[PDB]
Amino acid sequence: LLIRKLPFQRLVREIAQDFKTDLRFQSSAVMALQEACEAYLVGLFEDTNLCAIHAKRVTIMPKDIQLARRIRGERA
């Protein structure tokens, strides 16, 4: 709902070339991955936003994402 579908799957397929390596995705599943991502980034941004607030900044910076992801246990 929040992202354009077309460029998103161009990313899904571009990723798909690294695995089987012959893979084709059911349309329902491409849609389910987009849904999953949108939710992930929104919630990430919610945590990012809190980090900026902690630092007395309106604006969020990659500093902020990196802190959120660290505490979330994503990338050390």
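Note that the rigid core is defined as the largest set of C-alphas that superpose within 1.5 Å between two forms. Residues carry their position along the shown sequence, with the first being 1.
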{"property": "22 to 30 against 41 to 49 - segment lying farther from this form in 4 other deposited structures of this protein (CA RMS, rigid core fit)", "result": "22 to 30"}
{"property": "Core-aligned Cα RMS comparison in 4 other deposited structures of this protein - stretch that moves more, 64 to 72 or 13 to 21", "result": "13 to 21"}
{"property": "Stretch with the higher entry mean CA B-factor, where the candidates are 5 to 13 and 63 to 71", "result": "5 to 13"}
{"property": "Selected stretch [higher average CA B-factor]: 18 to 26 or 54 to 62", "result": "18 to 26"}
